[PDB]
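Novice: Can you read through this structure? Questions will come right after.
Number of protein chains: 4
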Amino acid sequence: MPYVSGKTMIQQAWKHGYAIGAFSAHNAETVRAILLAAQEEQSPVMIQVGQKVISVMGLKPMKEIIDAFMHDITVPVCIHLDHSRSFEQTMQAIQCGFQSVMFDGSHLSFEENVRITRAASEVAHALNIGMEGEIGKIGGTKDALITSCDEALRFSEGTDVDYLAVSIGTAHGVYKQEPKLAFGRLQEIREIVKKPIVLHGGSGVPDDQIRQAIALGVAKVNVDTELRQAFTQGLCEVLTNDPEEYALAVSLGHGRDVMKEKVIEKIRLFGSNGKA
Amino acid sequence: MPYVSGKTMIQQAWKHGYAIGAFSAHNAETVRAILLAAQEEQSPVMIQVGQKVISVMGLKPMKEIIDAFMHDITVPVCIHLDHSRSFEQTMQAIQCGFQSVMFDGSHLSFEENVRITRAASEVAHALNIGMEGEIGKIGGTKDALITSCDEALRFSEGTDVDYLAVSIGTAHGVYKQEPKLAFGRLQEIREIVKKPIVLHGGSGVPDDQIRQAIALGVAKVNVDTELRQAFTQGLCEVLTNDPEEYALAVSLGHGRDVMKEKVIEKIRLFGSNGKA
Amino acid sequence: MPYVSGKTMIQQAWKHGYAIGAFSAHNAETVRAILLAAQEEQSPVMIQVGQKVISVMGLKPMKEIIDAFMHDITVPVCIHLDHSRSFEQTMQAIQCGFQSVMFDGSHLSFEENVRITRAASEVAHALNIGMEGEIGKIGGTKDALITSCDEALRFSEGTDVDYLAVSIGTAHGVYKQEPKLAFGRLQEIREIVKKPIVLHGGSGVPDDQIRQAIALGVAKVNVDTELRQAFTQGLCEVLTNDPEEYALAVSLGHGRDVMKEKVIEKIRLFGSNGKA
Amino acid sequence: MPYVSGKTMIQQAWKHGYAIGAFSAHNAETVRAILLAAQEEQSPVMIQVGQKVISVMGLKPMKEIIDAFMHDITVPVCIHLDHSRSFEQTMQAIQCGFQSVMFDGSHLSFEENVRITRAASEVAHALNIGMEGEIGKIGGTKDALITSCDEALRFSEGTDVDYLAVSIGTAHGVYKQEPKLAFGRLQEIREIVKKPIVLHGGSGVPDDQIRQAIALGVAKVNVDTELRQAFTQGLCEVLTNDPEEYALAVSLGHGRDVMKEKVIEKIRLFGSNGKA
Ligand SMILES: [Zn+2]
Ligand SMILES: [Zn+2]
Ligand SMILES: [Zn+2]
Ligand SMILES: [Zn+2]
Ligand SMILES: [Zn+2]
Ligand SMILES: [Zn+2]
Ligand SMILES: [Zn+2]
Ligand SMILES: [Zn+2]
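The listed protein sequences correspond, in order, to chains E, R, B and L. Residue numbers for the first sequence, in the authors' numbering: 1 to 141, 150 to 284. Residue numbers for the second sequence, in the authors' numbering: 1 to 141, 150 to 284. Residue numbers for the third sequence, in the authors' numbering: 1 to 141, 150 to 284. Residue numbers for the fourth sequence, in the authors' numbering: 1 to 141, 150 to 284.
Below you can see the structure in the form of structure tokens.
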């Protein structure tokens, strides 16, 4: 019921200078952890369904699991398809009522990225769905080559995405060496592109930086690994202290609770607590 | 879609001398493990939703998770409420379309057990739902006091349950000492009561015995702990060999696969493989 | 979404001295007419699904049609099964989420009426569903024999229904001769039984009387025929003025609008306008 | 459940030389009439939801009403959006799971018609949905100007529609003067375009012609008015013979039955009877 468009949700966050957390879920406990956190914090949230889980559980199943856990949830929730490299898949998530989608054409040429992102964005706008795209390949944890201020402009204008993902120092996974953001590029994009920014790979970015990025117009911070670290630090404590504990409400329940904490941390860091 | 009444499903198993496995699920992977096994084995199955999971996830959520994973499932599935000690809860599961239910009044006097089991059985029959009850307190892992052949008769006649759970040597949890069934009582009940029997606490019963029990009219064997042992032997192998593995598709995916095996084992032991 | 228990809805009406209209629907337009009226009048309402429509369209279909028209409806709606003479049917409507039900055992002996009404009421209370029963056969349009004040008491106490239907001068269909209510019996029942009353066959009762009955504790007034008169006075005006008008949005659309008026009339007469 | 893609359904009809009837529904009875006919005739069918009903009942409601009446239906059904002049509306029907859609750009220039039809067709193909478009304005009941064989080719190639609607002598409504088809154009299109054809305004086309058109590659015949004529010839017989008949199961029930006949007529004429 309290499913809110992602255009609406990112825009509000932007206008009022907070970022919304995009928390990747992989199963039931994780979905619930996320929804519990947000509710306890009176915070709007995005649940992210990404390519990894999609291959395990499936698109449609995972939407339905999220739907199942929304009964006592009064705060704004938006379901987001992450890193879709397929128009069909983008079209599928729309069809089962995702409230936001991201078509990632970063591995395609400028022309082709733009052509498909636009096609998917036209559909999303038609049905009131937040639309994300990416310009600039974001890696996964050796000179340097970031995203142009101009590339961004043209991409944004050509695709009419609601929120733009740029490559700006983040990467996917447990960071080897503390990275550093191009706060400068962010400044320029803020002024040129006049659109909210998405930071991929915010797991492992120092808090200082995150809040600095949110100040330069970042309104969506994706969180995946940090949450799985926490969930796994839970499974472990229990499982390596007592391996003969067979109650999944404890072993994975403690995985959940610890991950619930991690979300609340991030909600606060992003400053959305209070904002429902 | 392929949800089949539990009256129908246990009766067929009984008539044709196999037992259906009642596999307790606690989350998504577990639900899927069960459904994968059954499908690979062309076997009808029961998914059990019991009081423990209900307190974690909820009745309605867990039914909806099962529904979500039924898209590619062609074999007969029945959803079973386990060990309900409440009429309201029994009525709730009916309302969201469980295909079987068990009201456990074993902790109530004969009169009160019968009165409520009957009330719930009247509702279940009305909407074509398999109905289970229990006479005789089944423990959880010191002289002896089993279920009377006559108690059984009166209980069965008074309640009109479809399948009867009797206390006959089983118990809930990791068995301390290899138990032994009253195959004799089973013989008498088979002849007197003329109704299928449910064996609670079949996790840890030697195979020989299980097949012997299925021969004396057991048509439903409940499996919970053994499945969680397996799922936890999975989480562990991965997690204690590599604690920095943060991919839940691996750590809990291997929990799933190992548990998928355990189900298939039991399906075969119970002899339902082939029977869709 | 805005589906409200009928125990809650009739009780509020009772406490605050208004009656809720129970409007029988037979198809889409009729369902919508009812929902449109109520919404325009900020009034809680009951949609009644009765034995006639059930035989045409079915229980489950008609609930789903009502569900389909609830998208823009913000006021309290309750779906009511009317004149069910079957436990199975009563149990079916519960299972697909009716918010009120009536088991009519008026054609059964006191003992049997009470036994089944009680059984159904136990289920309804369990799942928070308004429960209605009837004592005294209400006819369908020649000395006299109404409902006892004492019969009512015992019936009410034995069944624990939320709202009681008594035979008090009403009848089903286009009234041959202006009838007259036993306002006296109503007075006694009000004081003895301490429970809301349902008036069957309020189509064709003079307004004066209706408001008088609502004053003596009637909180539910059933409306069926008057609504079908109106809907048919619509189909006719159009169809007999222009028989070659083939647009169902006009011929049956005007059936709808005229019936929308009739509802609003009744909402006002019953005094629920404003009460959401 | 037995909802079948319209690409699949029209193609089979084409390959095997029958046409599928596209029957416009406006309410419950009409939906049911259609589904009853088809089922009695073991025939695949298309239910059409068009702009008129959409303004009365709404897209999403009408899909849900059709869903509600599909419980006992074993034959192939496809839900078709008719004469959509909006991308948003086309995208909406996809989102609630129509199995076929028609974007009508006949009132747009060649370039713009093609551009939007293509955009919608790309989405439809992505989610396995039959796609229809129109080249050549089809009127609604004075020299002559039909559809070019070449216009058709280019349109078809540019849009990749599954089935093409051409202007070929039909028109919407009660035909003033018996029209005549360009069977010749049909011949040419059959050979050039290699795609199934849709005949709009088949209500009032002599049977001879219909079967002749089906022979030249027409695989979809739209029926609306004839069905409403019949439904209204029903309402009338009853209503003008007895105006004081207030039972909607009779007055509109007889509207239904008569319309059920009309469908069966057409199913046979189109030759789909038997083909499930
Ligand atoms: Zn990313
Ligand atoms: Zn990325
Ligand atoms: Zn047990
Ligand atoms: Zn037990
Ligand atoms: Zn009545
Ligand atoms: Zn009555
Ligand atoms: Zn047309
Ligand atoms: Zn047309």
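We treat Cβ as the ideally placed atom computed from N, Cα and C, and that holds for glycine.
Count the other C-beta atoms from every protein chain shown that fall within 10 angstroms of the C-beta of residue 27 of chain R, then say buried if there are 16 or more, exposed otherwise.
Specialist: Walking along the second sequence from the start, residue 27 of chain R turns up at place 27. Label assigned to residue 27 of chain R: buried.
Novice: Output the distance between the C-alpha atoms of residue 250 of chain L and residue 239 of chain L, rounded to the nearest integer angstrom.
Specialist: Walking along the fourth sequence from the start, residue 250 of chain L turns up at place 242. Walking along the fourth sequence from the start, residue 239 of chain L turns up at place 231. Those two C-alpha atoms are separated by around 17 Å.
Novice: Is the distance from the Cβ of residue 75 of chain E to the Cβ of residue 2 of chain E below 8 Å?
Specialist: Locating residue 75 of chain E in the first sequence gives position 75, where the first residue counts as 1. Locating residue 2 of chain E in the first sequence gives position 2, where the first residue counts as 1. Cβ atoms of residue 75 of chain E and residue 2 of chain E: closer than 8 Å.
Novice: If you count every other CB in all the chains shown that lies within 10 Å of the CB of residue 128 of chain E, and 16 or more means buried, which is it?
Specialist: By 1-based counting over the first sequence, the position of residue 128 of chain E is 128. Residue 128 of chain E should be labelled exposed.
Novice: Evaluate contact between the region 211-229 of chain L and the region 12-25 of chain L, counting only Cβ atoms and requiring at least three cross-stretch pairs below 8 Å.
Specialist: Yes, the region 211-229 of chain L touches the region 12-25 of chain L.
Novice: Give a yes or no on whether 8 Å exceeds the smallest Cβ distance from residue 132 of chain L to chain E.
Specialist: Translated into positions along the fourth sequence, residue 132 of chain L becomes position 132. Residue 132 of chain L does not count as touching chain E.
Novice: Does DSSP put residue 42 of chain R in a helix, a strand or coil?
Specialist: In the second sequence, counting from the first residue as 1, residue 42 of chain R sits at position 42. Residue 42 of chain R: coil per DSSP, three-state reduction.
Novice: Use the C-beta contact count for residue 153 of chain B: other C-beta atoms within 10 angstroms, 16 or more gives buried, fewer gives exposed.
Specialist: Here the question's residue 153 of chain B lines up with position 145 in the third sequence. Residue 153 of chain B is exposed by the Cβ-count criterion.
Novice: Give the residues whose C-beta lies closer than 7 Å to at least one heavy atom of ligand 5, in chain order.
Specialist: Selection output, chain order preserved: B/82, B/83, B/138, B/180, B/208, B/209 and B/230.
Novice: Starting from residue 231 of chain B, follow its DSSP beta bridges and name the residues at the other end.
Specialist: The residue given as residue 231 of chain B occupies position 223 in the third sequence. Answer is B/23, bridged to residue 231 of chain B.
Novice: For residue 178 of chain L and residue 140 of chain L, which I take to be in contact (beta-carbon distance under 8 Å), what is that distance rounded to the nearest angstrom?
Specialist: Locating residue 178 of chain L in the fourth sequence gives position 170, counting from the first residue. Locating residue 140 of chain L in the fourth sequence gives position 140, counting from the first residue. The pair is not a contact, with the Cβ atoms about 10 Å apart (cut-off 8 Å).
Novice: Please report the Cβ distance between residue 66 of chain B and residue 100 of chain B, rounded to the nearest whole angstrom; I am assuming they are in contact, meaning their Cβ atoms lie under 8 Å.
Specialist: Counted from its first residue, the third sequence places residue 66 of chain B at position 66. Counted from its first residue, the third sequence places residue 100 of chain B at position 100. So it is not a contact: roughly 13 Å between Cβ atoms.
Novice: Would you list the residues sitting across from residue 173 of chain R in a DSSP beta bridge?
Specialist: The residue you call residue 173 of chain R lines up with position 165 of the second sequence. R/134 and R/206, per the DSSP bridge assignment.
Novice: Check the C-beta distance from residue 45 of chain E over to residue 69 of chain E and give it rounded, since I have them as a contact under 8 Å.
Specialist: The residue labelled residue 45 of chain E in the question sits at position 45 within the first sequence. The residue labelled residue 69 of chain E in the question sits at position 69 within the first sequence. With 8 Å as the limit, residue 45 of chain E and residue 69 of chain E do not qualify as a contact, their Cβ atoms being about 12 Å apart.
Novice: Are any of the Cβ atoms in chain E nearer than 8 Å to that of residue 5 of chain R?
Specialist: Working through the second sequence from its first residue, we reach residue 5 of chain R at position 5. Not one chain E Cβ lies under 8 Å of residue 5 of chain R.
Novice: Would the beta-carbon of residue 134 of chain R be found less than 7 Å away from any heavy atom of ligand 4?
Specialist: Residue mapping note: residue 134 of chain R aligns to position 134 of the second sequence, counting from 1. Indeed, a heavy atom of ligand 4 lies less than 7 Å from the Cβ.
Novice: Taking the C-alpha atoms as reference points, what is the distance between residue 189 of chain B and residue 104 of chain B?
Specialist: Position 181 of the third sequence, counted from the first residue, corresponds to residue 189 of chain B. Position 104 of the third sequence, counted from the first residue, corresponds to residue 104 of chain B. Rounded to whole angstroms, residue 189 of chain B to residue 104 of chain B spans 21 Å at the Cα level.
Novice: Which residues in chain E have a C-beta closer than 7 Å to the C-beta of residue 127 of chain L? List them in chain order.
Specialist: Mapped onto the fourth sequence, residue 127 of chain L falls at position 127. Within 7 Å Cβ-Cβ: 91, 92 and 95.
Novice: Quick one: what's got a C-beta closer than 7 Å to residue 167 of chain E's C-beta in the same chain, skipping five residues either side?
Specialist: Translated into the one-based positions of the first sequence, residue 167 of chain E becomes position 159. Here the set comprises 114, 117, 118, 121 and 133.
Novice: Relative to the alpha-carbon of residue 55 of chain B, which residue among L/257, L/244 and L/55 has its alpha-carbon at the smallest distance?
Specialist: If you number the third sequence from 1, residue 55 of chain B lands on position 55. Per the Cα distances, L/257.
Novice: Can you tell me whether residue 47 of chain E is helix, strand or coil according to DSSP?
Specialist: Looking up residue 47 of chain E in the first sequence gives position 47. Three-state result, residue 47 of chain E: strand.
Novice: Closest by CA to residue 185 of chain E, which one among E/212, E/124, E/279 and E/9?
Specialist: As a working mapping, residue 185 of chain E is identified with position 177 in the first sequence. Of the listed residues, the one whose Cα sits closest to residue 185 of chain E is E/212.
Novice: Within 8 Å (strictly less), CB to CB, does residue 64 of chain B reach chain R?
Specialist: Counted from its first residue, the third sequence places residue 64 of chain B at position 64. No - not a single Cβ of chain R is within 8 Å of the one on residue 64 of chain B.
Novice: For residue 101 of chain B, which of helix, strand or coil comes out of DSSP?
Specialist: The residue labelled residue 101 of chain B in the question sits at position 101 within the third sequence. Note: residue 101 of chain B maps to strand in three-state DSSP.
Novice: Note down, in chain order, every chain L residue with its Cβ under 8 Å from the Cβ of residue 236 of chain B.
Specialist: Walking along the third sequence from the start, residue 236 of chain B turns up at place 228. The contacting residues are 254, 255 and 256.
Novice: Roughly how many whole angstroms lie between the Cα atoms of residue 176 of chain B and residue 155 of chain B?
Specialist: Position 168 of the third sequence, counted from the first residue, corresponds to residue 176 of chain B. Position 147 of the third sequence, counted from the first residue, corresponds to residue 155 of chain B. Those two C-alpha atoms are separated by around 7 Å.
Novice: Taking 7 Å as the cut-off, is the C-beta of residue 173 of chain L nearer than that to any heavy atom in ligand 8?
Specialist: Position 165 of the fourth sequence, counting from 1, holds the residue named residue 173 of chain L. Result yes, Cβ under 7 Å from ligand 8.
Novice: Determine the direct distance from the alpha carbon of residue 34 of chain R to that of residue 64 of chain R, and round the result to whole angstroms.
Specialist: Looking up residue 64 of chain R in the second sequence gives position 64. Looking up residue 34 of chain R in the second sequence gives position 34. Straight-line Cα distance between these residues: approximately 15 Å.
Novice: For the candidate residues E/237, E/112, E/248 and E/278, whose alpha-carbon lies nearest to that of residue 264 of chain E?
Specialist: Residue numbering aside, residue 264 of chain E sits at position 256 when the first sequence is read from its first letter. When each option's Cα is compared against that of residue 264 of chain E, the closest is E/237.
Novice: Please report the residue range of the beta strand (DSSP E) in which residue 123 of chain L lies.
Specialist: As a position in the fourth sequence, residue 123 of chain L is number 123, starting the count at 1. No beta strand (DSSP E) contains residue 123 of chain L, which is instead part of the alpha helix (DSSP H) from 110-126.
Novice: Does ligand 8 have a heavy atom nearer than 7 Å to the CB of residue 104 of chain L?
Specialist: Along the fourth sequence, one-based indexing puts residue 104 of chain L at 104. Flag set: Cβ of residue 104 of chain L near ligand 8.
Novice: 8 Å is my cut-off, CB to CB: does residue 101 of chain L come that close to chain E?
Specialist: The sequence position of residue 101 of chain L within the fourth sequence is 101, counting from 1. So no, residue 101 of chain L is outside the interface.
Novice: Going by beta carbon distance, what residues of the same chain come within less than 7 Å of residue 169 of chain B, once the five residues before and after it are set aside?
Specialist: Locating residue 169 of chain B in the third sequence gives position 161, where the first residue counts as 1. Once the five neighbours on either side are set aside, the close Cβ partners of residue 169 of chain B are 117, 121, 131, 132 and 133.
Novice: Identify each residue in the region 46-62 of chain R for which the Cβ-Cβ distance to at least one residue of chain E is less than 9 Å, and report them in chain order.
Specialist: Within the region 46-62 of chain R, the qualifying residues are 52, 53, 55, 56, 57, 58, 60, 61 and 62.
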